[PDB]
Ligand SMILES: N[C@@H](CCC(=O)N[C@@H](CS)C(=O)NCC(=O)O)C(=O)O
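Single chain ahead, written as structure tokens, the form deposited without ligand GSH.
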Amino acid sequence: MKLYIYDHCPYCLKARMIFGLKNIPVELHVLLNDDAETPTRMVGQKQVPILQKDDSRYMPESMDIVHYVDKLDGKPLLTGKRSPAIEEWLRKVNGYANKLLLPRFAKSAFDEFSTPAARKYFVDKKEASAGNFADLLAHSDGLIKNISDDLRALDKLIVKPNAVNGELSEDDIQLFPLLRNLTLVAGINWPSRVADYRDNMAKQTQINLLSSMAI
């Protein structure tokens, strides 16, 4: 029951969230980002989260972990009512968020980026390599407007400040992690019901907001 992760990783947030809500203890293991090799060895893919299930069985992928843990006790807690519109909106919002987040993930050096090596290794993937980030960063305010607007739409869509779709559904599994990531983007103007939802799920999951690291 061990999660090999890179703290910032949305998929790892999704994993930790499912464990949190289900209330299943899990050995979080924050690998250095430079350690791409061990993930690759274990699951034949450079990705984390990797769940070393009980009998030391390393399973990759958020959604897999989510559904598996959700089904572990034969009680589908949070697969109530999937909403396509929410899924679509989430994907679009991730599409934005990613671009804002990446350079913050670099600047606010998460634990996995402790070593200069891990930091550089991470930073060179997208942040430093795509010079365009300079421009996007300069443009931040305009992006903030776009994402905040898209969040106010989402703020209208939020049926309950816990169950996005009135019933706990995998849209929540995406949504809370996403908003949680967005806390790092200090500028993005988190709407009311969004913030309510977010802090409720944060409390439920025992996941700290990234406010303290936000820029």
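When you see a residue number, it is the position in the sequence shown, counting from 1.
There is also a form solved in complex with ligand GSH; it is not shown, and the following applies to it.
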property: Contact residue in the deposited bound form, from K125, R91, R82, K71 (heavy atom within 4.5 Å of ligand GSH); result: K125
property: The unique member of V48, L182, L175, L151 whose heavy atoms fall within 4.5 Å of ligand GSH in the deposited bound form; result: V48
property: Contact check for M17, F19 and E170 against ligand GSH in the deposited bound form, heavy atom at 4.5 Å; result: no
property: Touches ligand GSH in the deposited bound form: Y4 (any heavy atom, 4.5 Å); result: no
property: is_contact(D155, ligand GSH) in the deposited bound form, heavy atom dist at most 4.5 Å; result: no
property: Any non-hydrogen atom of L13 within 4.5 angstroms of ligand GSH in the deposited bound form; result: no
property: Distance check, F133 to ligand GSH in the deposited bound form, heavy atom within 4.5 Å; result: no
property: Candidate stretches 39-47, 142-150, 183-191, 158-166 - the one whose heavy atoms come within 4.5 Å of ligand GSH in the deposited bound form; result: 39-47
